[PDB]
Amino acid sequence: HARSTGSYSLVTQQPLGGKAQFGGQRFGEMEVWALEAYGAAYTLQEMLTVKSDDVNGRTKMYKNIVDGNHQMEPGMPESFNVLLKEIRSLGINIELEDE
Amino acid sequence: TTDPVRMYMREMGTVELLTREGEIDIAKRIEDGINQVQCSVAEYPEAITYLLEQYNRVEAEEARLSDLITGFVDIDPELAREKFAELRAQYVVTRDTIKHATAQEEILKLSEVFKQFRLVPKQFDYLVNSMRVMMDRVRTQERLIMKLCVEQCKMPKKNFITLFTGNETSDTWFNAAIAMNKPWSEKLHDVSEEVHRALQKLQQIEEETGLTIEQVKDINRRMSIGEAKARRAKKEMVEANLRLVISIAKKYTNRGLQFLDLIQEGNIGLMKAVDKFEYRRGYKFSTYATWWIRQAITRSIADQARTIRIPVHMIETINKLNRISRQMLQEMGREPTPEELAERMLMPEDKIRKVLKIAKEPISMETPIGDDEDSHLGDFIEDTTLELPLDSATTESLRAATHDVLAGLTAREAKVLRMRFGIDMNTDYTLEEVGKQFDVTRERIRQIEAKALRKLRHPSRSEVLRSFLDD
Amino acid sequence: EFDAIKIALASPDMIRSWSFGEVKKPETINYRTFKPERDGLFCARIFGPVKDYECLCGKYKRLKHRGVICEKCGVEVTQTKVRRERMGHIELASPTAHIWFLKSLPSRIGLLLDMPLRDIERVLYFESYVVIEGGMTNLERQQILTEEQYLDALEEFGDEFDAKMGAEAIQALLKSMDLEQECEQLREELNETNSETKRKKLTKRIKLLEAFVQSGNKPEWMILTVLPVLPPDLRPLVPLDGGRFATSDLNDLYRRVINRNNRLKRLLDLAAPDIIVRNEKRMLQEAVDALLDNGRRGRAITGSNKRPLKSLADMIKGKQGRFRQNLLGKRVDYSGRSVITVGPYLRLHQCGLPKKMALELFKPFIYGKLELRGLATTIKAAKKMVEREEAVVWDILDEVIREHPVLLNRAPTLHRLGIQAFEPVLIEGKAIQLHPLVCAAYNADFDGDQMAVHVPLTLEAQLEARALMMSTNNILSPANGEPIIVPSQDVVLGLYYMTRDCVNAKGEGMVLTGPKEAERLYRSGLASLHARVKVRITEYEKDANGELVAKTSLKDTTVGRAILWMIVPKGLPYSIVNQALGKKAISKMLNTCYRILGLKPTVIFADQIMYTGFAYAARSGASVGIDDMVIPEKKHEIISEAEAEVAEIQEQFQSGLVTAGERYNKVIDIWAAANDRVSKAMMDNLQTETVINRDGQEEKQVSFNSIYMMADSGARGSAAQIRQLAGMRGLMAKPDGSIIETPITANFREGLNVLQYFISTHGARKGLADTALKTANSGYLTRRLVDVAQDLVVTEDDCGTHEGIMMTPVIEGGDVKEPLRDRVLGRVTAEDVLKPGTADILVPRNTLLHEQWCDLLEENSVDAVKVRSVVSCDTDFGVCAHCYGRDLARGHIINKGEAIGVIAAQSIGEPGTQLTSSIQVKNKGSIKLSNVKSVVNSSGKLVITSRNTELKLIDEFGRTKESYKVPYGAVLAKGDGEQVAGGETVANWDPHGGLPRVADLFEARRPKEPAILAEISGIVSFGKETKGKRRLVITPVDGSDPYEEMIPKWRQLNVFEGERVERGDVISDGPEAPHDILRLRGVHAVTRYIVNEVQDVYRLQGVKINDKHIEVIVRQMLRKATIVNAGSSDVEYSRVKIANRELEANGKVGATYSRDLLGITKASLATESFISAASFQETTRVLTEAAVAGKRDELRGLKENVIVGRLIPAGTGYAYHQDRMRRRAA
DNA sequence: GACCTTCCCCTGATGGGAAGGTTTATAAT
DNA sequence: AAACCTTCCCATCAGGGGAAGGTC
Ligand SMILES: [Mg+2]
Ligand SMILES: [Zn+2]
Ligand SMILES: [Zn+2]
């Protein structure tokens, strides 16, 4: 099975790992470690930024890939904003500082 | 144990039960307190002036007869015409005779005819609040006139109470303390405006409530005692019969609602059944309290069970449909037909399917999917909101194609098209809207638009745009 | 757009800041319109519109009037996505404590008042009152009382005496509390009063106070006055198939909190008694706490389902869910998977990718490249063109694949090689072709295993897949310099088959010009392949200045080795192809090729070797049949003989000559010594089986049995499987370990019978389960390793320390296990190492000890090299390139930016899945004792008196090649510094593990039977009689003598009484505690210990890993320390080491330190970044604690960055972070 | 040409109905 | 669960008016 651009989970904007073949492959922690071992940094980023999360990253990367321009515009993983919500909805206040 | 259900289950074992003695014993105490607070209103001219306004408006179609009175301690509609002029036998004997010597022992017989008319608690509470607002109004003036002399002029509190206790009406006490030559005396001429005019809202009360400033304090002084008696009795009542609420609440286990929620929503109905109970009828309290307890549990369930709240009526109707389908399992052998309950029920036929269609419950997204793996329902949930990128690219391409094509037409047609449609502009414009700032109106634009849409309908200038249509 | 993540306490007003409304009605979508209800949990007015750029009422639909709150509903028509950002709050009626600040082990509210937890828990449940701010009364400021205690207490003091009950009391107590005045008082209680008891909680309470102030957040906020709600998009109610609605448990819990708060307010305004309202308050606290963390009070279940609903905190921690299954590992687009197969024709750099897979994968590239070349009008048309499978799109796909690397991954990713980049090769079908040479690195077979593909997007990810991840760039493993690319089964078999010779092959002994003619002989069918023919061959060897010189000459060889010579590269000589050429030989040949000619030649050499191997191994027949297994005709006898050897032992036990556990060994020993007979019966009959006439003279040579060549080549069949194949297979034992006195007596060829198969079944089950259930064990170990490592990267050029660990060969017992050259290769010297003569220079201060210096130091007798290590390096938040070493896929110095921590953790984690009389000197030399006390006795010879005694051997070189230990009272026949003959017995006396092991070694766990150590020199002395345990005093020599200790008498001693014993001596026997090894010895001794022990368990089986890696873990274990004095200073080692040393450069006095020893899981606990900790550690705790302190994370590291989705500060990310951080903060 | 009858669009009525609220009396712990 | 009752929101019906059509 293989997938390039499929659906996404509602809760966390991640490629639906269902639909039994149309779903995206899982890139667990060990895979991230293997990437960390090499100097590959943009590979890991585009993995967990463009190809999974970043409601804008997927769209921008796709609109670029067709223009012959292979360049990612990394944003913010939606899972992390959801984590900020789930932590801040508690009696915990998490925030971000300067540019 | 830990769980807060244990704190409660053994918090009631303290106050011993009350049967055959307790009930009738402390109900008399309840009534003996409300009798103290009731006669407090018996002497309140504002209550008379307020009763006249709400009385004559009953004969003018505003307020119902049985909506202002629960009865008379003296369901008969004929017992009314006989107690609306016989009670005035003391109405005008003490009011216009102040012109106030013999008007001191003739106030009880005028107030006696005022305790034979049981008003509905709705207006009764307004009367209690009326006396409360009168006390607060009178008192505001005292807490004004006091701190204007003590906290400002530095006078002893006792020299204030000594000169104030007894008058509380005129200025004969204030201007008399000027000759005391005390250290606070020389500071009484500056506040002679915040204390003199202060009686304008204090002394005037006397001509409204027809009573001295001090009597207004006596009334509430005893009224508070009466209401305290009532409170202290009813709390013990509900504490005693508390166990009954649990006995009733244990009949609703899997009601989409925790146990303590049920027992509490039932305690509310227990309190309600208490406040509206008369020990005179003889009927035991266990029979009466059960109605309000069980109803405040049932309706509460109907209101807090479903995550999607449903009006009470629908809950009743659905449960009835379920009952009929239950008692017919043994008749049909397995289960009734869909259009069968239509007749057994009072409702019509076609409403059954909708009533049952909406009767679904939400499934927790954490419900593990098949294979029993950690995979849950919330993992297979898609997102049909975001448009796929394969279409976003088409949008960004059509934008440019339309831009180039429109830039191929004339200037007039260009702005007219970008106007009639919301192209690269906030909010497209109507016909006369375009004509408003294009110097020729109402049909000029109607011709320009058709001409441009035709110059684009022609090929060799539409191929690019025409490809974007695929059907 | 951000470079700092902070976490602080949530104030009841800072909550009202975010909230866009107050949810009042505990409702949802209506019931009949499916529309949100006013002030409900989904209220569009409070949170946000249902549709996109559309209001709930339906009056404003156009995208024009965006910012406007339609007075109809109050719903500002905007992006519906904002319903994911829209917070909310609830006006809680009665105060409610936050469970997290009361239930966590360091109970925040608990030691914020020094008030024990069991007291506050009684106050909350409304089962006791509590005093507050008494001032001057009979009661304190914090004191508990019961019903009857509060009864006649208000009469004594109506005013100035307040005492509340429940959450109101706890809160108001936290409000009137002075976190300032109390602090100034707790300072002296730690100053004067001794007795650690007076310093147990105080030393941690003063810290909570001062940090509670320094952060800024106030203690009253420990009680949630306003409960914030979660956006409805994070807890959707979305419908589903069939009409059923799917909701989250967060809803049920929120709805509960709202219901109960409403009920409480209704009572408070309905004039209810206390027995009702106090029950409602507790129900409210219960619901709120179960909403934040469900499973700490009573585990509030859900509705129709019995399963407990998931609360807020539960949506963060755990291997499942957020932070572990979301932010570190996510699914990805542009990927796939399939069943992998062979693919020999492929090069070592390319892999076969199925066509349809490539089409679906590169869809976005295909569309654009089509619309560009004038073949598709617009993107939509290109979609239909590829959806129709038009012919042109195949060539378009071939144009887009061209040099576009892809990534292949094997399901368990142990090491970094688990993901490797290959060059796509379009292929028909659906199977993924994989290169056989890489199957070793991937650790995959072709029995159905599946692999995943990943397509890079950025030009960067395409370059990193060519210059970092490409297959031909990863040849030698980083864990050990040995190449990870070595021929497997078929290849080595074909080569070994060619490089063989019998004696009488068709036309042997003749001569030929060279390889061309030898192949002309083989292919024609005139000559054999195994002939002993000697021919001429030109062996190139670049000599004398680097100039290639081809010296042609004749040599003795075979027709086969000479043919194989055609593949061999230029620089390599002919001696590499003159042997049997087994697996263990082909590998070393390829290794010499690599470090002689370079990367580029080695690659093509490997590919050629594979092709030729497979071809020859195929055409050699090379099969197996029933007749191949040669059952020794002596078997029958050899069996019955040892079968009757027990018939005497049986009567020996039946009469009473031997007891049970005595004749047991009588059977076991004769059976074990008889199994060698049957095993060697087929062995010596199979190693010389084939018998042929050399020119006409009968003679036996190396056998040609099909099964045996597979063994002598190492292709598949090992040695034990041979003893099992033809002869009977041993004796099994029950799970007890009771080996059965009933061995197997039948072989595998003849066939096992019913009885014998049962014990085999147990053996099989033990192996199967022990290997299967071990997966999670090794995985867990390597996981904790990576969590202790990550932040460690190579940044600093050179630290500037001469320290260096002292590298000496392992030489132990009989013979060396690993020479000094290995544990020094590629490392760096610390101090100038010289010849055996003093005042010389064999090597300067610090230089890369590559192969050259290795040979140079090997010439001399210098067996002791001072090498710098990572355990000792002057560097802050990193390491210096020199101290690490060089080891990589290249022999060059480690680059500035590679994250050595992760690669080391993997280098230890991948090999984890493989684990579970007198002395006789050998070599000639001279006896050299070490640390021994001796005394002459009757015999005149020498006897040892010191328990510890080393027996080195100073040969004519001056080195040590022998090291034996001899116990107390030994028999010596030479003495110290005495000459010995060829194996003279100079010693005589009367003698009267796995992965769970290395886990303990890393965790620094205290041993079961510790061994006391000495703290100073001097004569030791006894002391007071046996009271409870015993005593022992320390008698120093010159300095102060306050040291002593209590050692139980139930534990035997070893140290000598009236004898000097230096610090760190063996005061008793048993294992050793690393904590006690750091104090009395130092920082180098402990690391030298952990490495030497952890290396043994791996040395047992076939595992080799450079000490460097383990050194990195040791260095990460002592990153903490304890301060001895205070000094001029006002914990972390690096931070204090710089912060106090900057003022120590100033004339101000410094503060001394003491390295602490934290296990890999205890060191991963404390870390500058709190996010990285809460990622794997106990999230719920970590966040609570790092929240009260107002801790501030700047991320500075790996896992944090991958969380927020940023270029990791390492490698390619380290260069970007370099250029950014340079001008950053400057 | 007016006068009477006719033909369509706003005010506001006001019939219908869904949704809520208050009581219910043998005792009932 | 049934019984009698008030508020609100519905989506629709007599009634008014501004002109409109057609002829003794
Ligand atoms: Mg396999
Ligand atoms: Zn609106
Ligand atoms: Zn260094």
# chains A, B, ... in the order shown; residues from 1 in each chain; ligands from 1

call {"tool": "select_by_dssp", "arguments": {"residues": "segment 120-222 of chain B", "states": "alpha helix (DSSP H)", "output": "MDAnalysis selection string"}}
result
chainID B and resid 121:147 157:164 199:209 215:222

call {"tool": "write_last_selection", "arguments": {"atoms": "N, CA and C atoms", "output": "compact mmCIF listing (two decimals), in the first residue's frame"}}
result
# COMPACT_ATOMS: atom_id res chain seq x y z
N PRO B 121 -47.92 32.19 49.04
CA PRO B 121 -46.52 32.53 49.36
C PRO B 121 -45.86 33.49 48.38
N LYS B 122 -46.37 33.55 47.15
CA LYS B 122 -45.80 34.44 46.14
C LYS B 122 -45.84 35.89 46.60
N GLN B 123 -47.02 36.37 47.03
CA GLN B 123 -47.13 37.73 47.53
C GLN B 123 -46.67 37.84 48.98
N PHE B 124 -46.80 36.76 49.75
CA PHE B 124 -46.34 36.75 51.13
C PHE B 124 -44.85 37.04 51.23
N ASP B 125 -44.05 36.44 50.34
CA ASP B 125 -42.62 36.71 50.32
C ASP B 125 -42.34 38.15 49.93
N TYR B 126 -43.14 38.71 49.02
CA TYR B 126 -43.00 40.13 48.69
C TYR B 126 -43.27 41.00 49.91
N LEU B 127 -44.23 40.61 50.75
CA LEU B 127 -44.50 41.36 51.98
C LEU B 127 -43.32 41.28 52.94
N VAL B 128 -42.77 40.07 53.13
CA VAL B 128 -41.61 39.91 54.00
C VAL B 128 -40.45 40.78 53.50
N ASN B 129 -40.19 40.73 52.19
CA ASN B 129 -39.16 41.57 51.60
C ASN B 129 -39.49 43.05 51.73
N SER B 130 -40.77 43.41 51.76
CA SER B 130 -41.15 44.81 51.96
C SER B 130 -40.72 45.29 53.33
N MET B 131 -41.01 44.50 54.37
CA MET B 131 -40.53 44.86 55.70
C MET B 131 -39.01 44.89 55.75
N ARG B 132 -38.35 43.99 55.02
CA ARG B 132 -36.89 43.99 55.01
C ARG B 132 -36.33 45.25 54.37
N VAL B 133 -36.89 45.65 53.23
CA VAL B 133 -36.45 46.87 52.56
C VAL B 133 -36.74 48.09 53.41
N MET B 134 -37.85 48.08 54.15
CA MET B 134 -38.14 49.19 55.04
C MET B 134 -37.12 49.28 56.17
N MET B 135 -36.75 48.13 56.74
CA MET B 135 -35.71 48.12 57.76
C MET B 135 -34.39 48.64 57.21
N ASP B 136 -34.02 48.20 56.00
CA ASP B 136 -32.75 48.66 55.43
C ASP B 136 -32.78 50.15 55.12
N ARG B 137 -33.92 50.66 54.64
CA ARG B 137 -34.05 52.09 54.38
C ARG B 137 -33.91 52.88 55.66
N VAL B 138 -34.66 52.50 56.70
CA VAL B 138 -34.57 53.19 57.98
C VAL B 138 -33.15 53.13 58.52
N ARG B 139 -32.48 51.99 58.34
CA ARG B 139 -31.18 51.77 58.97
C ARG B 139 -30.08 52.55 58.27
N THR B 140 -30.12 52.61 56.93
CA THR B 140 -29.21 53.43 56.14
C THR B 140 -29.08 54.81 56.76
N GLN B 141 -30.20 55.39 57.18
CA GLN B 141 -30.16 56.73 57.77
C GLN B 141 -29.44 56.73 59.11
N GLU B 142 -29.59 55.67 59.91
CA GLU B 142 -28.89 55.62 61.19
C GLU B 142 -27.39 55.46 60.98
N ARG B 143 -26.99 54.54 60.10
CA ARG B 143 -25.57 54.37 59.79
C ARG B 143 -24.99 55.57 59.06
N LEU B 144 -25.85 56.45 58.54
CA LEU B 144 -25.39 57.74 58.03
C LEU B 144 -25.21 58.74 59.17
N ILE B 145 -26.29 59.04 59.89
CA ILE B 145 -26.29 60.04 60.95
C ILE B 145 -25.30 59.71 62.06
N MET B 146 -24.96 58.43 62.23
CA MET B 146 -24.01 58.06 63.28
C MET B 146 -22.58 58.39 62.88
N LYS B 147 -22.11 57.82 61.77
CA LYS B 147 -20.74 58.04 61.32
C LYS B 147 -20.46 59.48 60.92
N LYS B 157 -19.59 57.29 71.36
CA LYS B 157 -20.77 56.55 70.93
C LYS B 157 -21.89 56.65 71.95
N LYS B 158 -21.55 56.72 73.23
CA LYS B 158 -22.58 56.72 74.27
C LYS B 158 -23.32 58.05 74.31
N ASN B 159 -22.60 59.17 74.12
CA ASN B 159 -23.28 60.45 74.00
C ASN B 159 -24.14 60.53 72.75
N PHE B 160 -23.92 59.63 71.78
CA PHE B 160 -24.77 59.56 70.60
C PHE B 160 -26.03 58.74 70.88
N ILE B 161 -25.86 57.55 71.45
CA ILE B 161 -27.00 56.69 71.73
C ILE B 161 -27.90 57.33 72.79
N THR B 162 -27.32 58.02 73.77
CA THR B 162 -28.12 58.63 74.82
C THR B 162 -29.02 59.73 74.27
N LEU B 163 -28.50 60.54 73.35
CA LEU B 163 -29.31 61.61 72.76
C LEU B 163 -30.20 61.12 71.63
N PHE B 164 -29.91 59.96 71.06
CA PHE B 164 -30.71 59.43 69.95
C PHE B 164 -31.79 58.46 70.40
N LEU B 199 -32.85 63.29 57.71
CA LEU B 199 -34.17 62.91 58.18
C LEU B 199 -35.24 63.04 57.11
N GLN B 200 -34.93 63.68 55.97
CA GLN B 200 -35.92 63.79 54.90
C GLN B 200 -36.29 62.42 54.36
N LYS B 201 -35.34 61.48 54.33
CA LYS B 201 -35.61 60.11 53.92
C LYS B 201 -35.87 59.19 55.10
N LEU B 202 -35.67 59.67 56.33
CA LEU B 202 -35.92 58.89 57.54
C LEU B 202 -37.25 59.26 58.18
N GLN B 203 -37.43 60.53 58.53
CA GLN B 203 -38.68 60.96 59.17
C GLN B 203 -39.87 60.76 58.24
N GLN B 204 -39.68 60.97 56.93
CA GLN B 204 -40.76 60.79 55.97
C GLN B 204 -41.32 59.37 56.01
N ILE B 205 -40.46 58.38 56.26
CA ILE B 205 -40.91 57.00 56.39
C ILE B 205 -42.07 56.90 57.38
N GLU B 206 -42.03 57.71 58.44
CA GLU B 206 -43.09 57.69 59.44
C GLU B 206 -44.44 57.99 58.82
N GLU B 207 -44.52 59.02 57.97
CA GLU B 207 -45.80 59.32 57.34
C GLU B 207 -46.18 58.31 56.27
N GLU B 208 -45.25 57.44 55.85
CA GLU B 208 -45.58 56.38 54.91
C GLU B 208 -46.00 55.11 55.64
N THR B 209 -45.16 54.62 56.55
CA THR B 209 -45.46 53.43 57.33
C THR B 209 -46.32 53.72 58.56
N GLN B 215 -40.63 51.71 66.08
CA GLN B 215 -41.51 50.55 65.96
C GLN B 215 -41.16 49.70 64.75
N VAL B 216 -40.74 50.35 63.66
CA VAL B 216 -40.28 49.64 62.47
C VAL B 216 -39.15 48.69 62.82
N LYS B 217 -38.37 49.02 63.85
CA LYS B 217 -37.30 48.13 64.29
C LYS B 217 -37.83 46.99 65.15
N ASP B 218 -38.82 47.27 66.02
CA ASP B 218 -39.41 46.24 66.87
C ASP B 218 -40.00 45.11 66.03
N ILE B 219 -40.75 45.47 64.99
CA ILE B 219 -41.43 44.46 64.17
C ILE B 219 -40.43 43.44 63.63
N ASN B 220 -39.44 43.93 62.88
CA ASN B 220 -38.41 43.05 62.32
C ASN B 220 -37.62 42.34 63.41
N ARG B 221 -37.41 43.01 64.55
CA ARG B 221 -36.70 42.42 65.67
C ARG B 221 -37.33 41.10 66.09
N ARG B 222 -38.67 41.05 66.13
CA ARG B 222 -39.30 39.76 66.47
C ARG B 222 -39.48 38.85 65.25

call {"tool": "residues_around", "arguments": {"residues": "residue 636 of chain C", "least_positions_apart": "2", "cutoff": "12 Å", "atoms": "only C-alpha atoms (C1' of nucleotides)", "output": "list in words"}}
result
residues 631, 632, 633, 634, 638, 639, 640, 641, 642, 643, 677, 678, 681, 727, 728, 745, 746 and 747 of chain C

call {"tool": "interface_residues", "arguments": {"of": "chain B", "to": "chain E", "cutoff": "12 Å", "atoms": "only C-alpha atoms (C1' of nucleotides)", "output": "PyMOL selection string"}}
result
chain B and resi 291+294-295+298-299+312-313+315-317+319-320

call {"tool": "write_last_selection", "arguments": {"atoms": "C-alpha atoms", "output": "PDB file, in the first residue's frame"}}
result
ATOM      1  CA  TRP B 291     -44.185  12.223  45.836  1.00  0.00           C
ATOM      2  CA  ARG B 294     -39.447  10.603  43.582  1.00  0.00           C
ATOM      3  CA  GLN B 295     -40.543  13.272  41.099  1.00  0.00           C
ATOM      4  CA  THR B 298     -37.353  11.199  37.867  1.00  0.00           C
ATOM      5  CA  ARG B 299     -37.512  14.612  36.172  1.00  0.00           C
ATOM      6  CA  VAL B 312     -39.208  16.021  29.707  1.00  0.00           C
ATOM      7  CA  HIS B 313     -42.283  15.111  27.642  1.00  0.00           C
ATOM      8  CA  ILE B 315     -38.553  11.149  27.906  1.00  0.00           C
ATOM      9  CA  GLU B 316     -41.983  10.180  29.236  1.00  0.00           C
ATOM     10  CA  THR B 317     -43.264   9.202  25.778  1.00  0.00           C
ATOM     11  CA  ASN B 319     -40.306   5.249  28.180  1.00  0.00           C
ATOM     12  CA  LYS B 320     -43.982   4.482  27.537  1.00  0.00           C
TER      13      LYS B 320
END

call {"tool": "residues_near_ligand", "arguments": {"ligand": "ligand 3", "cutoff": "12 Å", "atoms": "only C-alpha atoms (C1' of nucleotides) and all ligand atoms", "output": "PyMOL selection string"}}
result
chain C and resi 794-805+827-830+846+867-876+878-885+894+1112+1115

call {"tool": "interface_residues", "arguments": {"of": "chain B", "to": "chain C", "cutoff": "7 Å", "atoms": "only C-alpha atoms", "output": "PyMOL selection string"}}
result
chain B and resi 3-4+8+235+256+307-310+360+362-366+394+426-427+467

call {"tool": "residues_near_ligand", "arguments": {"ligand": "ligand 1", "cutoff": "6 Å", "atoms": "only C-alpha atoms (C1' of nucleotides) and all ligand atoms", "output": "compact mmCIF listing (two decimals) with C-alpha atoms, in the first residue's frame"}}
result
# COMPACT_ATOMS: atom_id res chain seq x y z
CA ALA C 444 15.85 -8.70 7.53
CA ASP C 445 14.99 -11.90 5.69
CA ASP C 447 10.33 -14.90 4.64
CA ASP C 449 9.14 -9.33 6.14
